[PDB]
Amino acid sequence: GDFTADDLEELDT
Amino acid sequence: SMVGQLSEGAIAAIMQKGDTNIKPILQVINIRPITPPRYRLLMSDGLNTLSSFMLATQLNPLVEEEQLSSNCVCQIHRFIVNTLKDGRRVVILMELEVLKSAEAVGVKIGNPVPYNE
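Heads up: the protein sequence lines correspond to chains B and A, in order.
If you count by PDB author numbering, then the first sequence holds residues 53 to 65, one letter each, in order.
If you count by PDB author numbering, then the second sequence holds residues 0 to 34, 39 to 120, one letter each, in order.
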């Protein structure tokens, strides 16, 4: 489902 | 059958076999903005659903102008699988074609179950 806070930082790139 | 229109097993082929050159036909189940906006997609191949599809930014107009929407059927033409720091794998959709609009399909096809992520 949703991404964790840490994942969100990495997906931006 | 309606599920006969989908690439049944393509999600397993992407996740388990590392297939990168297939061009599977999938149904959008749900689109979720996450946070310039990015979109996560719950996609179905008729057998399984996968929650970790992400739209390349270049495809955002398809969501913004509502051609890519829940229940539409699309063919993936280019994608990349990437692994995040925590081990979760994400399928980034780079090129796709909407073959049938949500309104022309009208329902979730079949009864796909969540792939083990």
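For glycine and all other residues, C-beta sits at the position ideal for the given N, C-alpha and C.
Opening and closing residue of the beta strand (DSSP E) in which residue i lies
i, result
"residue 71 of chain A", "Premise fails: residue 71 of chain A is in no beta strand (DSSP E) and is neither H nor E."
"residue 2 of chain A", "Neither: residue 2 of chain A is in no beta strand (DSSP E) and is coded neither H nor E."
"residue 28 of chain A", "24-33"
"residue 51 of chain A", "51-58"
"residue 44 of chain A", "41-47"
is_contact[residue i, chain B] using C-beta, thresh 8 Å
i, result
"residue 48 of chain A", "no"
"residue 111 of chain A", "no"
"residue 57 of chain A", "yes"
"residue 66 of chain A", "no"
"residue 44 of chain A", "no"
"residue 91 of chain A", "yes"
"residue 10 of chain A", "no"
From the options, residue whose alpha carbon lies closest to that of residue i
i, options, result
"residue 78 of chain A", "A/47, A/70 and A/23", "A/23"
"residue 6 of chain A", "A/110, A/69, A/18 and A/50", "A/50"
"residue 109 of chain A", "A/117, A/72 and A/81", "A/72"
"residue 14 of chain A", "A/98, A/99 and A/82", "A/82"
"residue 56 of chain A", "A/43, A/64, A/62 and A/67", "A/43"
Nonlocal neighbours in the same chain, by C-beta distance under 6 Å from residue i, ignoring five residues either side
i, result
"residue 75 of chain A", "27, 101, 104 and 105"
"residue 117 of chain A", "52"
"residue 113 of chain A", "2 and 49"
Boundaries (first-last residue) of the alpha helix (DSSP H) holding residue i
i, result
"residue 62 of chain B", "57-64"
"residue 13 of chain A", "9-14"
Residues of its chain near residue i, where Cβ-Cβ distance is below 8 Å and the 5 sequence neighbours each way are ignored
i, result
"residue 60 of chain A", "39 and 41"
Closer than 7 Å: residue i CB and nearest the ligand MN heavy atom
i, result
"residue 7 of chain A", "Absence of the ligand MN is noted for the structure shown, with no ligands found whatsoever."
Contacting residues, own chain, Cβ-Cβ under 7 Å from residue i (five flanking each side not counted)
i, result
"residue 12 of chain A", "18 and 21"
Next item on the list: Please list the segments of the alpha helix (DSSP H) lying wholly inside the segment 87-115 of chain A, counting only runs of 4 or more residues, in order along the chain.
Entry: 105-108
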